[PDB]
Amino acid sequence: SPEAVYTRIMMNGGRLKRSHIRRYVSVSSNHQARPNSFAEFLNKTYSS
RNA sequence: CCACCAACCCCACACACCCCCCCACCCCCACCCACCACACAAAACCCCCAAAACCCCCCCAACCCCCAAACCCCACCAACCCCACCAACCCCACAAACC
């Protein structure tokens, strides 16, 4: 539900969960990231 | 570093479907005598003349030490980011855009 997601974001203080970051990096890293793509952004932003 | 409509297994004649099959067969077994890729005997350390045996030795000797003065592969001065044109800086920008 929209209400469920919103509360869950509020509970974590509007900050990404570590699992969210793990998922983003695993997708971005296992891809031939294009110059200004979303993959490149994900890779450059969350990598350590 | 999406896209022709549409269809969207690099599926589909039928019959079929072990890269099975002639039969006898079926150790890439078999003549016999054999059967250590053993063997003349004498004999077997790829041992031996003696004298010997550091691939030791003339002596002086014995740092691949030494003129002297010396001894940072220091030193003119000015210096001393292998900094510096300004304007200033994403190796950003027409617009429209952005599998």
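Residues numbered from 1 in each chain as written, not as in the entry; some residues may be left out. Chains lettered and ligands numbered in written order. Part of a larger assembly, values for the part shown. Heavy atoms only, no water.

The deposited coordinates derive from X-ray crystallography, with the record listing a resolution of 3.49 Å.

Caption draft 1: Fine view of the overall build of chain A. Along its length, chain A carries 3 helices and 0 strands. Reading chain A from its N end, one meets helices and strands in the order α-α-α. Referenced to the eigenvectors of the C-alpha coordinate spread, the extents of chain A come out at roughly 35 × 20 × 15 Å. Every one of the 48 residues in chain A was classed for burial, and the buried ones make up 6%. For chain A, the accessible surface area stands at approximately 4500 Å², while carbon and sulfur atoms represent 55% of it. (Helix = DSSP H or I, 4+ residues; strand = E, 2+ residues; numbered from the N terminus. Buried < 20%, exposed > 50% of the residue type's maximum accessible area, 1.4 Å probe, protein only. Areas by Shrake-Rupley, 256 points an atom, 1.4 Å probe, with all protein chains shown as cover.)

Caption draft 2: The arrangement of the side chain of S28 in detail. On the secondary structure map, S28 appears in helix α2 (residues 18-29). Take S28: its relative accessible area is 2%, and that puts it in the buried class. Excluding residues within four positions of it along the chain, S28 makes contact with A39, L42 and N43. (Contact = heavy atoms within 4.5 Å.)

Caption draft 3: Molecular detail of a nonpolar patch on the surface. Together, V5, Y6, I9 and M10 give the surface a local cluster of nonpolar side chains, amounting to about 390 Å² of exposed area. For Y6, the location among the structural elements is in helix α1 (residues 2-11). Residue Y6 is classed as exposed on the basis of its relative accessible area of 52%. (Patch = residues over 30% accessible without salt bridge, like charges linked within 9 Å, V, L, I, M, F, W, Y side chains within 5 Å. Salt bridge = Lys/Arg side-chain N within 4 Å of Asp/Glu carboxyl O.)

Caption draft 4: Examining the environment of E40 more closely. Of note, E40 is situated in helix α3 (residues 38-45). Expressed as a C-alpha distance, the spacing of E40 and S29, which sit 11 residues apart in the sequence, is 8.9 Å. When neighbours within four sequence positions are excluded, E40 is seen to be in contact with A33, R34 and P35.

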